[PDB]
Each structure stands twice: as C-alpha cells, then as structure tokens.
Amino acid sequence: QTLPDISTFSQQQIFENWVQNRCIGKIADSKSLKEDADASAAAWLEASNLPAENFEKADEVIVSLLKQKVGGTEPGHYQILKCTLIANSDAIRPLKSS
C-alpha cells in the first residue's frame, strides 16, 4: 500500500526525524547506510521551515548526546534507540522553534 507524504508530518516531527536520521548516520558502521541516512535527513531538511542555524546547533547537540552510553539485556549499545531519545530530548527541544 501507499506511503504517507512527508508533508503529512508536523513541523516538529519533521525536525525530530531530521535529528534521528542524522544520528543514525553518525553511529552507522556502514558507508552505504550513512549515505542513505544523510540523504534521508536532507529530505526532512527541505520539508522543514526552520532556519539553518537550528540544524547547525542541533548537530552539535547530537555529537554531545551521542557520547552518553546506554544499555539493555542485549550486549549491544542500543544506539538506534538512543537516536530517538536524542531527537526527543530537552536539549534538542528549543531548536524546534525559530
């Protein structure tokens, strides 16, 4: 069946998804997956109405928050989950406003 258009997401979700996709790109141990995640992030970027500066600052927040270590019963580092936690964090939140 058909996928939703990017325009059907809220502006907030568009920014969150940018942050999440960009985080995935930073943690991916994969050149192809990194290129995919960054191309994906650039689609959310186009859809957003926020100024560039919001994204520039968010990228700094991302690099800082990615350093946090999380875990679970599995032996990995749960980075994929962390990407979502970061997108929805208080530190990213004010960058959702112009």
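In case it trips you up, residue 1 is the first one in the sequence shown, and so on.
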Query raised in the report: Looking at the entry, does 43-51 or 24-32 show the higher mean C-alpha B-factor?
Result: 24-32
Requested in this report: Pick between 15-23 and 71-79: the one whose mean CA B-factor in the entry is higher.
Outcome: 71-79
Requested in this report: Going by the recorded CA B-factors, say which third of the chain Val61 sits in, lowest, middle or highest.
Outcome: highest
**Report entry** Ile6 by Cα B-factor - lowest, middle or highest third of the modelled chain
**Finding:** middle
